[PDB]
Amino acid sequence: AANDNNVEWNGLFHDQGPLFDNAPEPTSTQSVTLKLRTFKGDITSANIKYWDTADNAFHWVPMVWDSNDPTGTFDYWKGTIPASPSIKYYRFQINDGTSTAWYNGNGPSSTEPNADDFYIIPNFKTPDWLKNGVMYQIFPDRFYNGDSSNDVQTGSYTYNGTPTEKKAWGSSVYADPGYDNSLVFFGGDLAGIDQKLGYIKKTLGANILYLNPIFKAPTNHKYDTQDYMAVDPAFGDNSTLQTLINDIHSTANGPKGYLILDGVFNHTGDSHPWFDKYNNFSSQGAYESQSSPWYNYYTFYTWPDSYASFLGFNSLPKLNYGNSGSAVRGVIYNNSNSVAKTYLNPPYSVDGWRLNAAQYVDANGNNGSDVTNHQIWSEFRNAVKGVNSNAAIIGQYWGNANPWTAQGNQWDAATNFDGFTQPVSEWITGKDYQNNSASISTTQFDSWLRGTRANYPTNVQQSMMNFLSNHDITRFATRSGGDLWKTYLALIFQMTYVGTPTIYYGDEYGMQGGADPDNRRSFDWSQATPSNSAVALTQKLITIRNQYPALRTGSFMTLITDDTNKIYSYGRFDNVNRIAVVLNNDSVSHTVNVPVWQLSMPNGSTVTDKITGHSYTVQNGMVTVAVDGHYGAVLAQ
């Protein structure tokens, strides 16, 4: 490069990783020093332009040359944004004579962008254990039956006129004639999870468990809560839960663990005493009497049969959050004995909440995604963090969750359907997560990923729940048509990307399944051993991620987007390690010359494909590696 009236985009780079930002989660008194990379001698001047919410105006900070990288290929320019309590958004103006380029969350641009700027949110912090961990999601009734004595038998009880049905482990989840899909039970329970912690924390290595609903409810999924204060009898009792938590937190059976529970706060089930549609309690519920002490917990259009609910489901009456200080806000999160605080305090001390149907939470039966909804989650955050600042808050949302994350006053992160699940699905399987035809190329995949990461503050990106499948979509293995190699590829990407890798129970061995309820099949053990190639790889990949902080909180830089050979390569790096990931999405092998010079890997230095152990030497800024179809290499040093 040179001063030739031309800014070379290829040399430009900035994100909030260690090498470029000295304070990614600053307080009100910490200034933020940013470094912008360019090719050596490529520019004449650079400036930081930031919008300060304190005075609704743009501010200008000229940058100064700081240093060259170790390879002498790049320049690092530096500038500092002053400390204050206000949210700020910045972008860079880069000039080389008559050539000007702009750069922000979405990368380089010839024209000045007006969105996707980088975020500075003083005092906003997401749990570091979440950014650095690996999560494992379990749908309780389908994981492991550790205690047959609490099993729901066929006919054990009836819900809304339909008796329960017990299935033999491994059999179909579909209810037989006379029964209902939501009342089919296999016997999975908390004792079972506890007895299988060795598999989770050791065989695989995940240190975070996220469970679907576990509180008393008539269905097998239990999103129709009957009692938030009691573990459902089929899963055990509150004592069973305390034991599981102790064993998860224990460091004697593996790495320290964390537990995230599913918080179903938008609505309750129609069998909850506050509503009591079928008179299952001596108390008077809202459905039973307009004089009920809980009458105003719900919204009736025509008492008692027409009321606000979750997506028209009468079995899920919607809670009326009213105004600040309401009884409903009290029982859900404000009270010390609320649902949210009870489990965050001893003798439970869980580590977080996954917020079900979070976008709908509102007052008066309204549908959320409004001022009131965000006000509620802001109060929720204060209540939760007040009890445990390191308790995680992850909201369910299918699209861009910027509205609930980008001001640092609500959630720490969200279910990454839009920034992870969907793009990964369409790139690898050629199907969207609902198993409908939808395919994207490598260049499109890369662009999609960048644009979605740019929707969030950096700490939020690093805390997103990144799963290949989950209880509301089709299994990855079904979308892949049963091709296990596609799962191999997906796992390598998942374990080396930005955000919390999240494994939906069974995905690690290639479990198949269509739409709900077929995506909740019973866990086929004996398939859960290193003898299964996907399980062995999963274990290896988790060990790799845990070895390199760069894979969890390091910068992310695109290296190769080859649509001809279907090769995707990106680097994860920080002040200590530089890692070049090389993915082959083709059905045949490809030998790739990886431009590791972009990550500043010194010539003559050694790089190791942590997956195979095969060592390589960097020469002329390159490293040549052969990669099988639907597979990948993780070249680290």
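Numbers follow the displayed sequence, beginning with 1.
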Higher avg CA temperature factor (406-414 vs 504-512, as deposited) belongs to 504-512
For 72-80 versus 257-265, entry-based mean Cα B-factors point to 72-80
From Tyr179, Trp102, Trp398, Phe380, the top C-alpha temperature factor is at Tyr179
Listed options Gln461, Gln494, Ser369, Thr478: highest C-alpha B factor recorded at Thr478
Temperature factor at the Cα of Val592, chain-ranked in thirds, falls in the highest
Sorting the chain's modelled residues by C-alpha B-factor and splitting them into thirds places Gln619 in the highest
Tertile call for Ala2 (CA temperature factor, within chain, third-based) is the middle
For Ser349, the third of its chain by CA B-factor is the middle
Split the chain's modelled residues into thirds by Cα B-factor; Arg37 lands in the lowest
